[PDB]
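In structure tokens, the next block holds one chain alone, the form deposited in one PDB entry.
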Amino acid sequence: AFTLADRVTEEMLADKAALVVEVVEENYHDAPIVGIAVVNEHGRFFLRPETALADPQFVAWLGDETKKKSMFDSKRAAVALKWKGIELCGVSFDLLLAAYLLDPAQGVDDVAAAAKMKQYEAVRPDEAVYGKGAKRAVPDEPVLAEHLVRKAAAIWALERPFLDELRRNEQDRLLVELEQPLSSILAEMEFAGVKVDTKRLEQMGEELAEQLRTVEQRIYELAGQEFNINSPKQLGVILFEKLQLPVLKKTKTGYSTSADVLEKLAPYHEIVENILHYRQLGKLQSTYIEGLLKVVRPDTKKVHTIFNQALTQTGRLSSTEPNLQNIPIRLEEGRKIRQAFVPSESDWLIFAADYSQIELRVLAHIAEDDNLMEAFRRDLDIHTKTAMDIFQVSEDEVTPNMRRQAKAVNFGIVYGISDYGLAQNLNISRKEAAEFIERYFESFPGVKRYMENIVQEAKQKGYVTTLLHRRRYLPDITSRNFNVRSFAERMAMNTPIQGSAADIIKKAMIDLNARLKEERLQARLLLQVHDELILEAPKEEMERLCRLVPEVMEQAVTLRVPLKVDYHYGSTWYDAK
């Protein structure tokens, strides 16, 4: 029972409403709005967007921060409206973000999935209404309107139960003061986009094409035959049947040709180093050059990423189209791809600031490890210090390989890799990897106690938490399957570290955005990837940003150790180093 409205009425513009502004295209940048639903104290309404979005009263209502709206994935609507020149304000509850906080492992894709968390089933999944893949389509208006009204009615009914559970979890401020404000900031970042030097990218592609053509010819000569080097199956036949190289590792289907396996084969045949070079050149070309050019909008000459704020179980952001976090960080030629990301206006520059070792600093804080805290209080090189402690040697006795091994132990902590993974990364035995870890724990006994205590807490409570009260449930922590249990244990250890770093970065973004407005700077946030925040600003704002940005980031939270920020500016993202 709802009103299919042909005009906007005052009844539709109440102080509080559930609002659905439906964008069916997966990528919502400059995408159609196919329909609108409003549920409030006065009734339930379906509005056609060509009418409502042309109505000055409805547009004023949308932009009025005192008119409160409950939505699901408000950033999607906010950005689609930005492309139409319409501001969305007053979103006081986002059911997507609420469900994400309550349990990020549920994978809540749509209103129906969130509704099922509270035994509400009077709404269909989006996939059931719009179909999948090739058959995907907007249905006729009667079907569309009922769906959008059912989604709005679900939001209207679910706000209270969700807020009640968030309050019980001490997550209500996490939603209202962190994730929801961040959603608006992300919306602005996505809409602003990042300018891309497509001429430079095409230049890079041309250079890669030349080098690829030469290595490919080298491989055919060495193989005595032409084949598709990009086919693992064809390559396996050349390597393991034609050239009779050893089979050191299998796949489920045939022989593995992974880079790990190939490096082990390099001493036996000159073709192997060439295949490795082809693979590295080819992934830069196909994935990062051509992949980037594919998602540059020809109308803006910018990339307009979509952040997924409700995906990871740590609380880190993710992004797509492009995913700029997946650009390799190793200089070689991977990092140079950042040269293609330039300021959007003449006489502007890129300003980039990154937290230095925020994850290990968070660990020092949470574990209250005296040795690790003092190391950061002295602003030591943490990998050199870790090697000094593990090997019981003075700083001048730390060899490069000692530091490399200490760094791998620290990497293992930051990313939650097992002793098998440490052994894999260091190319040592599992017993030797285990012995390394015990030596580490002798030097950092507070870290060891934390690791023991957090696994026990996960077993007792069923979940672990971050500094700002994000939760991750770990039902597998007592699995009788060793691999499943071990993974759960590593996530118990790692999520309070990685997730607290994510919390701090998100708070820094909110604080930064507010400070930039308060200072009346034109500088704007563009991207957040890894532990870095990337802005662009007039060149005349750089000196001010050199003081302001690190200060805001260092002060986002107060820990038992300082937060350290590195910062640079330049004519491209790469040169902001």
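For every residue, the number given is its place in the sequence shown, counted from 1. Heads up, when I say rigid core I mean the largest set of C-alphas that superpose within 1.5 Å between the two forms.
Although it is not shown, the form deposited in another entry is what the next lines describe.
Only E263, out of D379, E207, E395, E263, shows a C-alpha shift of 2 Å or more between this form and the one not shown on alignment of the rigid core.
Annotation for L239: C-alpha shift of 2 angstroms or more between this form and the one not shown, rigid core superposed. Relative to the superposed rigid core, the position of the CA of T251 differs between this form and the one not shown by 2 Å or more. With the core held fixed, the Cα of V414 is displaced between this form and the one not shown by 2 Å or more. Closer approach of the C-alpha atoms of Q456 and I417, by 3 angstroms or more, is seen in that other deposited form than in the present form.
The pair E368 and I417 is tighter in that other deposited form: their Cα-Cα distance falls by no less than 3 Å compared with this form.
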